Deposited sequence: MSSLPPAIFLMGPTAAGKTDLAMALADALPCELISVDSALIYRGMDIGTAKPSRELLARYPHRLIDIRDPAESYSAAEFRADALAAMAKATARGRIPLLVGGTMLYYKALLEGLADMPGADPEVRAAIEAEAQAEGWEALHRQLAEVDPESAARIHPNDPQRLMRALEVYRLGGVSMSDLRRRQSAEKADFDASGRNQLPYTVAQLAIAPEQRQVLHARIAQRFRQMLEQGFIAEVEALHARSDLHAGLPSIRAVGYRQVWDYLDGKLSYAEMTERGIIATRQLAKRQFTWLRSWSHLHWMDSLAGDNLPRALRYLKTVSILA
């Protein structure tokens, strides 16, 4: 009998963290982030990282574990995730892996001693996701995204070509700081870059087997998720 585990994936801005919290309040879970961008300290606003207050009540493994000058491979995630899952399992907690970096989920599934329930969440209409992505990006700029990147831009040990600055939107803000883009162009292109990410994420998910979809606009995803666990033959 393999211990339980839950995968909660979906495109950027789908509202994965909201369902993760509901699950964490219903079952003894151990939240594990599966995101190549959230691992970086100092990159919180532009990455839509959960607030410090939220993280305090809902701790996430693999968030703020690297400095932006460092790299992080899918192989490293694989090792870190397996260790986090084992530690959680040893304590009777159900590993709940939430995120949108599909390559990471892939590395874990391929190159898992767990019975896994795989859930995916996204709005029925992609148009709804795109509208939220644009608005969310514009709000990031209002909440300090530029000053955030300004601190990174000022570091001599960082440059626009690093893996960390690959986080969607960051390069556009960086180029703006270099005087190469107007505020409007930076905004449009950061939004485009984020829609592009969602498009790529949907591509990975469309060919993903054993996925149970959830609607981002539904108010009863918690009960539906719990029922699926039983479907996958996971008791409690």
statement: Counting from 1 along the deposited sequence, the ranges with no C-alpha atoms are 1 to 2, 114 to 198
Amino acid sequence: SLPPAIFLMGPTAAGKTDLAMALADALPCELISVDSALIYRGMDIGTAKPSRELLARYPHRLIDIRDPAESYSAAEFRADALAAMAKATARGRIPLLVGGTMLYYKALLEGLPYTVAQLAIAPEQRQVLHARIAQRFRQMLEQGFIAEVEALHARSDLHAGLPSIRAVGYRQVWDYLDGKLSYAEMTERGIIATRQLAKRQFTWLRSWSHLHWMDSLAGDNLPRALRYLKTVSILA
From here on, numbers count along this sequence of modelled residues.
- line: Quick note on 146 to 154 and 119 to 127: per-entry mean CA temperature factor is higher in 119 to 127
task: Select between 5 to 13 and 209 to 217 the stretch whose C-alpha atoms have the higher average B-factor in the entry.
output: 209 to 217
message: Checking the record values for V173, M43, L31, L54, which has the greatest CA B factor?
response: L54
message: Can you tell me which of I192, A26, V168, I63 has the maximum CA B-factor listed in the PDB entry?
response: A26
field: Lowest, middle or highest third - CA B-factor, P95
entry: lowest
- prompt: Split the chain's modelled residues into thirds by Cα B-factor; is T101 in the lowest, middle or highest one?
  reply: middle
- prompt: Lowest, middle or highest third of the chain for the C-alpha temperature factor of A81?
  reply: lowest
- prompt: Of the three thirds of its chain by CA temperature factor, lowest, middle or highest, which one includes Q201?
  reply: middle
query: Thinking about Cα B factors across the chain, which third does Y114 belong to?
result: middle
